[PDB]
Amino acid sequence: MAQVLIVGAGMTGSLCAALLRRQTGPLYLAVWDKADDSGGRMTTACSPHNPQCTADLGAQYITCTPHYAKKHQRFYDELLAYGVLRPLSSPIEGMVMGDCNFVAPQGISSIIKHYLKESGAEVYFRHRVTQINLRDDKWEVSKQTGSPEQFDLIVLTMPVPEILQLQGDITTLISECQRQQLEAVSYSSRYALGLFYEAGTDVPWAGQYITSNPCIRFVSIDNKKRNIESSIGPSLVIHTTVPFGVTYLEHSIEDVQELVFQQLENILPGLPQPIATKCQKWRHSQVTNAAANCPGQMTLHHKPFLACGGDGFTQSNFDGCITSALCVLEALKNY
Ligand SMILES: Cc1cc2nc3c(=O)[nH]c(=O)nc-3n(C[C@H](O)[C@H](O)[C@H](O)COP(=O)(O)OP(=O)(O)OC[C@H]3O[C@@H](n4cnc5c(N)ncnc54)[C@H](O)[C@@H]3O)c2cc1C
């Protein structure tokens, strides 16, 4: 009977959906995302030439600190039993460490896809929430196209400035103090460049952190990082710096691509011309100085229920999303 809407098919949202399926039903689970596919900042791009040639444009690997294991032990052991995650066994230059690194052999977006199927939720793509209105002690959720929809509960997982862009009753359900806390939330900006080959080969490492370059911050050989043996072609992922990301936010994607491509020649000369390229703009890459109080979630209405979750309330990492999802679930436990 209960109609629950989860806005955002990212890390926080897919886990909220999977956790809601447990500890209940009966309920109807809907997941809406403005993008063509799921993942959010954990997406994996695939080559047009071959769907097997894959590159992680956002998150690279899962860093497990000795605190969040055994705190999130149940989450890690489940993702390892299914083979979704596997320990990192390839070298990555410039990394700092009793930590343990993990990689997703089928691409980092496979984690979200696993949680979405576990939830049994009805997932709808190219579904951008425009307005959230209150009609007869129930929610009326509007989209870019077409007709609006009714729900009993809503969980919002998109970056904080995007929650603030929504029009309707939501703008008046947010108290002045809550609005000030949300406005304090800040994200850095970066550009991602995915390059696809069929060539092969190289360098000894699989990943490399760069601090001396004005445009590039990190370079990864995605196939070697995930340790794909098969002879599929190599895949290169480049993460820009924050100053480059902020300077070129409103610039042409084809112009930005040429800046990073000419910068890759200085870091790594002797590479063939790529078959395919994928440039991804991360306007809200990672949470810088934002909380605003440290809490996992923010409830803005109880009957009917509405909360905001995600990165902006914890930290911009896999365990931050887990803590934010667990906090949202404890908030709706008696609803
Ligand atoms: C370059 C980069 C490197 C990173 N590296 C790491 C790493 O190595 N390890 C690590 O742990 N983490 C890393 N992260 C961060 C990690 O990817 C995130 O912390 C995690 O993705 C947070 O997901 P989320 O669910 O909170 O939000 P998101 O993944 O942002 O999900 C929000 C979703 O909501 C959708 N959406 C937004 N508005 C609407 C709307 N109006 N209607 C419908 N849908 C909407 C968006 O399209 C998006 O899919 C990195 C991120 C970036 C950008």
# chains A, B, ... in the order shown; residues from 1 in each chain; ligands from 1
$ residues_around --residues "residue A:21" --least-positions-apart "5" --cutoff "9 Å" --atoms "only C-alpha atoms" --output "mmCIF file with C-alpha atoms, in the first residue's frame"
data_model
loop_
_atom_site.group_PDB
_atom_site.id
_atom_site.type_symbol
_atom_site.label_atom_id
_atom_site.label_comp_id
_atom_site.auth_asym_id
_atom_site.auth_seq_id
_atom_site.Cartn_x
_atom_site.Cartn_y
_atom_site.Cartn_z
ATOM 1 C CA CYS A 16 18.600 2.914 0.939
ATOM 2 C CA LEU A 27 5.524 -1.651 -0.169
ATOM 3 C CA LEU A 29 9.608 0.897 -4.350
ATOM 4 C CA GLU A 118 18.444 -6.920 -4.433
ATOM 5 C CA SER A 119 15.759 -4.242 -3.747
ATOM 6 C CA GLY A 120 13.405 -5.374 -6.559
ATOM 7 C CA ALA A 121 12.545 -1.651 -6.983
#
$ select_by_dssp --residues "stretch 19-247 of chain A" --states "strand (DSSP E)" --output "PyMOL selection string"
chain A and resi 27-33+44-46+54-56+62-64+86-87+92-93+100-103+122-125+129-134+139-143+149-151+153-156+190-196+207-209+216-221+235-240
$ residues_near_ligand --ligand "ligand 1" --cutoff "7 Å" --atoms "only C-alpha atoms and all ligand atoms" --output "PyMOL selection string"
chain A and resi 7-13+32-35+38-42+57-63+127-130+157-159+162+190+192+239+282+284-286+310-311+315-318+321
$ write_last_selection --atoms "N, CA and C atoms" --output "short mmCIF file (atom, residue, chain, number, x, y, z; two decimals), in the first residue's frame"
data_model
loop_
_atom_site.label_atom_id
_atom_site.label_comp_id
_atom_site.auth_asym_id
_atom_site.auth_seq_id
_atom_site.Cartn_x
_atom_site.Cartn_y
_atom_site.Cartn_z
N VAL A 7 14.96 9.28 -4.90
CA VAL A 7 15.45 10.14 -5.98
C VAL A 7 16.97 10.07 -6.04
N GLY A 8 17.48 9.48 -7.11
CA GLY A 8 18.90 9.28 -7.35
C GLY A 8 19.28 7.82 -7.32
N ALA A 9 19.75 7.27 -8.45
CA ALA A 9 20.19 5.87 -8.53
C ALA A 9 21.72 5.85 -8.40
N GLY A 10 22.19 6.35 -7.26
CA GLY A 10 23.59 6.41 -6.91
C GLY A 10 23.90 5.41 -5.82
N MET A 11 25.01 5.62 -5.10
CA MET A 11 25.46 4.74 -4.03
C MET A 11 24.52 4.78 -2.82
N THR A 12 24.20 5.98 -2.32
CA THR A 12 23.31 6.18 -1.17
C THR A 12 21.88 5.66 -1.44
N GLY A 13 21.31 6.02 -2.60
CA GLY A 13 19.96 5.65 -3.02
C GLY A 13 19.71 4.17 -3.25
N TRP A 32 14.04 6.91 -9.14
CA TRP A 32 14.07 7.85 -10.26
C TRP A 32 15.46 8.46 -10.39
N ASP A 33 16.00 8.51 -11.63
CA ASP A 33 17.28 9.17 -11.91
C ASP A 33 17.16 9.96 -13.21
N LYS A 34 17.74 11.18 -13.24
CA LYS A 34 17.72 12.08 -14.39
C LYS A 34 18.61 11.58 -15.55
N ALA A 35 19.57 10.69 -15.25
CA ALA A 35 20.51 10.13 -16.23
C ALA A 35 19.92 8.96 -17.01
N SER A 38 22.31 4.15 -14.20
CA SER A 38 22.56 4.30 -12.76
C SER A 38 24.06 4.51 -12.47
N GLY A 39 24.39 4.72 -11.19
CA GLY A 39 25.77 4.88 -10.75
C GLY A 39 26.11 6.19 -10.07
N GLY A 40 25.65 7.30 -10.66
CA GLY A 40 25.92 8.65 -10.15
C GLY A 40 27.37 9.02 -10.37
N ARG A 41 28.11 9.23 -9.27
CA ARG A 41 29.55 9.54 -9.34
C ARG A 41 30.41 8.27 -9.30
N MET A 42 29.73 7.15 -9.40
CA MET A 42 30.31 5.84 -9.47
C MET A 42 30.05 5.18 -10.81
N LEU A 57 34.68 6.44 -14.60
CA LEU A 57 34.91 7.89 -14.68
C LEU A 57 34.94 8.64 -13.33
N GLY A 58 34.17 8.16 -12.37
CA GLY A 58 34.09 8.76 -11.05
C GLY A 58 34.98 8.05 -10.06
N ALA A 59 34.40 7.37 -9.06
CA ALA A 59 35.13 6.63 -8.03
C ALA A 59 36.01 5.52 -8.62
N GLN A 60 37.26 5.40 -8.11
CA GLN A 60 38.26 4.45 -8.60
C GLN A 60 38.36 3.16 -7.80
N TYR A 61 38.52 3.25 -6.47
CA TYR A 61 38.64 2.07 -5.63
C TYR A 61 38.05 2.31 -4.25
N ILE A 62 37.73 1.24 -3.51
CA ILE A 62 37.14 1.29 -2.17
C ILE A 62 38.21 1.10 -1.09
N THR A 63 38.53 2.20 -0.40
CA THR A 63 39.51 2.26 0.69
C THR A 63 38.80 1.94 2.00
N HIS A 127 14.28 10.71 -15.62
CA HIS A 127 13.19 11.10 -14.74
C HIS A 127 13.75 12.10 -13.73
N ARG A 128 13.81 13.38 -14.17
CA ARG A 128 14.32 14.52 -13.41
C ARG A 128 13.20 15.15 -12.56
N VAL A 129 13.33 15.09 -11.23
CA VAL A 129 12.34 15.70 -10.33
C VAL A 129 12.50 17.23 -10.44
N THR A 130 11.41 17.92 -10.73
CA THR A 130 11.39 19.37 -10.87
C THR A 130 10.82 20.01 -9.61
N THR A 157 18.59 11.82 -2.48
CA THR A 157 20.01 11.49 -2.33
C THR A 157 20.96 12.32 -3.19
N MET A 158 20.44 13.23 -4.02
CA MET A 158 21.26 14.06 -4.91
C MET A 158 22.09 15.12 -4.17
N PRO A 159 23.28 15.53 -4.69
CA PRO A 159 24.07 16.58 -4.00
C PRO A 159 23.23 17.78 -3.53
N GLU A 162 21.58 20.64 -5.58
CA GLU A 162 20.53 20.17 -6.48
C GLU A 162 19.19 20.00 -5.76
N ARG A 190 35.71 18.75 -10.86
CA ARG A 190 36.75 18.04 -11.61
C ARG A 190 36.22 17.61 -12.98
N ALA A 192 36.68 14.41 -15.87
CA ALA A 192 37.12 13.04 -16.05
C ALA A 192 37.27 12.77 -17.54
N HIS A 239 41.84 12.00 -14.09
CA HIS A 239 41.09 12.87 -13.19
C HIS A 239 41.86 14.18 -13.11
N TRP A 282 32.29 16.71 -13.61
CA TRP A 282 31.81 16.50 -12.24
C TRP A 282 31.72 17.86 -11.56
N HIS A 284 29.92 18.65 -9.09
CA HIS A 284 29.90 18.39 -7.66
C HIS A 284 30.70 17.11 -7.41
N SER A 285 32.05 17.18 -7.54
CA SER A 285 32.90 16.01 -7.38
C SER A 285 32.96 15.41 -5.98
N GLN A 286 33.52 16.13 -5.00
CA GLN A 286 33.67 15.65 -3.62
C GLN A 286 33.41 16.75 -2.60
N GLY A 310 22.80 11.26 1.59
CA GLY A 310 23.98 11.38 0.77
C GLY A 310 25.28 11.87 1.39
N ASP A 311 26.17 12.21 0.47
CA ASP A 311 27.56 12.61 0.61
C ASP A 311 27.81 13.82 1.45
N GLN A 315 30.76 11.96 4.30
CA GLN A 315 32.05 12.15 3.60
C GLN A 315 31.88 11.58 2.20
N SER A 316 32.67 12.08 1.22
CA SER A 316 32.64 11.64 -0.18
C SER A 316 33.47 10.38 -0.42
N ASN A 317 32.99 9.26 0.15
CA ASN A 317 33.55 7.92 0.04
C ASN A 317 32.45 6.88 0.28
N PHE A 318 32.72 5.61 -0.07
CA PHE A 318 31.82 4.46 0.04
C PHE A 318 31.25 4.24 1.43
N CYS A 321 28.58 6.98 2.35
CA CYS A 321 27.30 6.65 1.75
C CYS A 321 26.57 5.61 2.59
#
$ residues_around --residues "stretch 173-181 of chain A" --least-positions-apart "2" --cutoff "8 Å" --atoms "only C-alpha atoms" --output "ChimeraX atom specification"
/A:169-171,183-185,291-293,300-301
$ write_last_selection --atoms "N, CA and C atoms" --output "PDB file, in the first residue's frame"
ATOM      1  N   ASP A 169       6.407  23.234  -2.777  1.00  0.00           N
ATOM      2  CA  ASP A 169       6.201  23.258  -1.322  1.00  0.00           C
ATOM      3  C   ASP A 169       7.449  22.975  -0.500  1.00  0.00           C
ATOM      4  N   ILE A 170       8.389  22.179  -1.075  1.00  0.00           N
ATOM      5  CA  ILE A 170       9.675  21.806  -0.490  1.00  0.00           C
ATOM      6  C   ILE A 170      10.464  23.049  -0.033  1.00  0.00           C
ATOM      7  N   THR A 171      10.451  24.131  -0.850  1.00  0.00           N
ATOM      8  CA  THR A 171      11.129  25.407  -0.569  1.00  0.00           C
ATOM      9  C   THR A 171      10.614  26.070   0.731  1.00  0.00           C
ATOM     10  N   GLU A 183      23.223  25.419   2.781  1.00  0.00           N
ATOM     11  CA  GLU A 183      23.990  26.397   2.005  1.00  0.00           C
ATOM     12  C   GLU A 183      25.481  26.357   2.340  1.00  0.00           C
ATOM     13  N   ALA A 184      25.822  25.904   3.565  1.00  0.00           N
ATOM     14  CA  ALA A 184      27.197  25.760   4.040  1.00  0.00           C
ATOM     15  C   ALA A 184      27.907  24.577   3.367  1.00  0.00           C
ATOM     16  N   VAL A 185      27.134  23.635   2.816  1.00  0.00           N
ATOM     17  CA  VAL A 185      27.621  22.438   2.125  1.00  0.00           C
ATOM     18  C   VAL A 185      28.283  22.838   0.809  1.00  0.00           C
ATOM     19  N   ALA A 291      28.889  19.864   6.021  1.00  0.00           N
ATOM     20  CA  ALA A 291      28.180  18.920   6.909  1.00  0.00           C
ATOM     21  C   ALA A 291      26.662  19.080   7.046  1.00  0.00           C
ATOM     22  N   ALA A 292      26.161  20.146   7.661  1.00  0.00           N
ATOM     23  CA  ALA A 292      26.946  21.183   8.298  1.00  0.00           C
ATOM     24  C   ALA A 292      27.233  20.902   9.778  1.00  0.00           C
ATOM     25  N   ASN A 293      26.615  19.869  10.325  1.00  0.00           N
ATOM     26  CA  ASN A 293      26.823  19.505  11.725  1.00  0.00           C
ATOM     27  C   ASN A 293      27.424  18.135  11.939  1.00  0.00           C
ATOM     28  N   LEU A 300      12.887  16.683   6.839  1.00  0.00           N
ATOM     29  CA  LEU A 300      12.227  17.977   6.739  1.00  0.00           C
ATOM     30  C   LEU A 300      10.693  17.980   6.918  1.00  0.00           C
ATOM     31  N   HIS A 301      10.063  16.778   6.981  1.00  0.00           N
ATOM     32  CA  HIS A 301       8.622  16.537   7.189  1.00  0.00           C
ATOM     33  C   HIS A 301       8.407  15.089   7.647  1.00  0.00           C
TER      34      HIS A 301
END
$ atom_distance --atom1 "atom CA of residue A:234" --atom2 "atom CA of residue A:200"
5.7 Å
$ closest_residue --among "A:52, A:23, A:220, A:189" --to "residue A:203" --atoms "only C-alpha atoms"
A:220
$ select_by_dssp --residues "stretch 21-222 of chain A" --states "helix (DSSP H, G or I)" --output "PyMOL selection string"
chain A and resi 21+40-42+68-71+73-81+110-119+160-163+170-173+176-183+222
$ write_last_selection --atoms "N, CA and C atoms" --output "tab-separated table (two decimals), in the first residue's frame"
chain	number	residue	atom	x	y	z
A	21	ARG	N	14.05	-2.85	1.75
A	21	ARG	CA	13.48	-4.15	1.40
A	21	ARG	C	13.52	-5.08	2.63
A	40	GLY	N	25.65	7.30	-10.66
A	40	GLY	CA	25.92	8.65	-10.15
A	40	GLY	C	27.37	9.02	-10.37
A	41	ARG	N	28.11	9.23	-9.27
A	41	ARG	CA	29.55	9.54	-9.34
A	41	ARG	C	30.41	8.27	-9.30
A	42	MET	N	29.73	7.15	-9.40
A	42	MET	CA	30.31	5.84	-9.47
A	42	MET	C	30.05	5.18	-10.81
A	68	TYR	N	35.99	1.44	9.97
A	68	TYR	CA	34.76	1.07	9.26
A	68	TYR	C	34.63	-0.41	8.86
A	69	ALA	N	35.54	-1.23	9.39
A	69	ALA	CA	35.60	-2.68	9.34
A	69	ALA	C	36.23	-3.00	10.70
A	70	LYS	N	35.51	-3.63	11.64
A	70	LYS	CA	34.22	-4.30	11.50
A	70	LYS	C	32.92	-3.49	11.72
A	71	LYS	N	32.96	-2.15	11.61
A	71	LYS	CA	31.73	-1.37	11.78
A	71	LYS	C	30.73	-1.64	10.64
A	73	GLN	N	31.28	-4.25	8.49
A	73	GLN	CA	31.69	-5.63	8.19
A	73	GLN	C	30.67	-6.37	7.31
A	74	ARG	N	29.39	-6.35	7.72
A	74	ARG	CA	28.28	-7.00	7.02
A	74	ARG	C	28.16	-6.58	5.55
A	75	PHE	N	28.42	-5.29	5.25
A	75	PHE	CA	28.38	-4.74	3.89
A	75	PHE	C	29.54	-5.26	3.04
A	76	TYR	N	30.76	-5.23	3.60
A	76	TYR	CA	31.97	-5.69	2.92
A	76	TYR	C	31.93	-7.18	2.60
A	77	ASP	N	31.63	-8.03	3.60
A	77	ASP	CA	31.54	-9.49	3.41
A	77	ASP	C	30.48	-9.93	2.41
A	78	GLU	N	29.38	-9.17	2.28
A	78	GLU	CA	28.31	-9.46	1.33
A	78	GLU	C	28.80	-9.16	-0.10
A	79	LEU	N	29.44	-7.99	-0.31
A	79	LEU	CA	30.00	-7.59	-1.61
A	79	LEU	C	31.18	-8.46	-2.07
A	80	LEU	N	31.88	-9.13	-1.11
A	80	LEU	CA	33.00	-10.03	-1.38
A	80	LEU	C	32.52	-11.44	-1.72
A	81	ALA	N	31.45	-11.91	-1.06
A	81	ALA	CA	30.83	-13.23	-1.30
A	81	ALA	C	30.23	-13.31	-2.71
A	110	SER	N	28.79	-1.66	-10.85
A	110	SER	CA	28.24	-2.99	-10.56
A	110	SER	C	27.74	-3.10	-9.13
A	111	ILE	N	28.31	-2.29	-8.20
A	111	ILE	CA	27.89	-2.26	-6.79
A	111	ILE	C	26.45	-1.75	-6.71
A	112	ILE	N	26.16	-0.60	-7.34
A	112	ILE	CA	24.84	0.02	-7.39
A	112	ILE	C	23.83	-0.92	-8.06
A	113	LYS	N	24.20	-1.51	-9.22
A	113	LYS	CA	23.38	-2.47	-9.97
A	113	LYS	C	23.00	-3.69	-9.11
A	114	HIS	N	23.92	-4.15	-8.25
A	114	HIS	CA	23.70	-5.26	-7.32
A	114	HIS	C	22.67	-4.90	-6.25
A	115	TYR	N	22.78	-3.70	-5.65
A	115	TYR	CA	21.86	-3.22	-4.63
A	115	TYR	C	20.46	-2.93	-5.19
A	116	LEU	N	20.39	-2.47	-6.46
A	116	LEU	CA	19.13	-2.16	-7.14
A	116	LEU	C	18.32	-3.44	-7.43
A	117	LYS	N	18.99	-4.54	-7.88
A	117	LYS	CA	18.31	-5.82	-8.15
A	117	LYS	C	17.88	-6.50	-6.83
A	118	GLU	N	18.73	-6.40	-5.77
A	118	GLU	CA	18.44	-6.92	-4.43
A	118	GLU	C	17.15	-6.29	-3.87
A	119	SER	N	16.93	-4.99	-4.17
A	119	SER	CA	15.76	-4.24	-3.75
A	119	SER	C	14.50	-4.56	-4.54
A	160	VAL	N	23.47	18.24	-2.28
A	160	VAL	CA	22.74	19.36	-1.64
A	160	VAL	C	22.36	20.56	-2.55
A	161	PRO	N	23.25	21.17	-3.37
A	161	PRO	CA	22.80	22.29	-4.23
A	161	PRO	C	21.69	21.93	-5.21
A	162	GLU	N	21.58	20.64	-5.58
A	162	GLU	CA	20.53	20.17	-6.48
A	162	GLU	C	19.19	20.00	-5.76
A	163	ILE	N	19.21	19.73	-4.43
A	163	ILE	CA	18.00	19.63	-3.60
A	163	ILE	C	17.43	21.06	-3.49
A	170	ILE	N	8.39	22.18	-1.07
A	170	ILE	CA	9.68	21.81	-0.49
A	170	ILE	C	10.46	23.05	-0.03
A	171	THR	N	10.45	24.13	-0.85
A	171	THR	CA	11.13	25.41	-0.57
A	171	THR	C	10.61	26.07	0.73
A	172	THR	N	9.36	25.75	1.15
A	172	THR	CA	8.74	26.28	2.36
A	172	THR	C	8.70	25.27	3.51
A	173	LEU	N	9.12	24.03	3.24
A	173	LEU	CA	9.20	22.98	4.26
A	173	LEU	C	10.57	23.03	4.92
A	176	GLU	N	14.51	28.29	7.97
A	176	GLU	CA	15.64	29.20	7.76
A	176	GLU	C	16.98	28.61	8.25
A	177	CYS	N	16.99	27.99	9.45
A	177	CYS	CA	18.17	27.35	10.05
A	177	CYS	C	18.65	26.17	9.20
A	178	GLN	N	17.72	25.32	8.73
A	178	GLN	CA	18.01	24.16	7.88
A	178	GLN	C	18.61	24.62	6.55
A	179	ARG	N	18.03	25.69	5.96
A	179	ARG	CA	18.48	26.28	4.70
A	179	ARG	C	19.92	26.79	4.81
A	180	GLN	N	20.26	27.43	5.94
A	180	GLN	CA	21.60	27.96	6.22
A	180	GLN	C	22.63	26.85	6.34
A	181	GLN	N	22.23	25.70	6.93
A	181	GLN	CA	23.08	24.51	7.10
A	181	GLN	C	23.37	23.88	5.73
A	182	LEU	N	22.34	23.76	4.87
A	182	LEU	CA	22.45	23.20	3.52
A	182	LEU	C	23.31	24.08	2.61
A	183	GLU	N	23.22	25.42	2.78
A	183	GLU	CA	23.99	26.40	2.00
A	183	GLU	C	25.48	26.36	2.34
A	222	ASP	N	42.60	1.35	-16.13
A	222	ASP	CA	41.41	0.67	-15.60
A	222	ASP	C	41.41	-0.85	-15.75
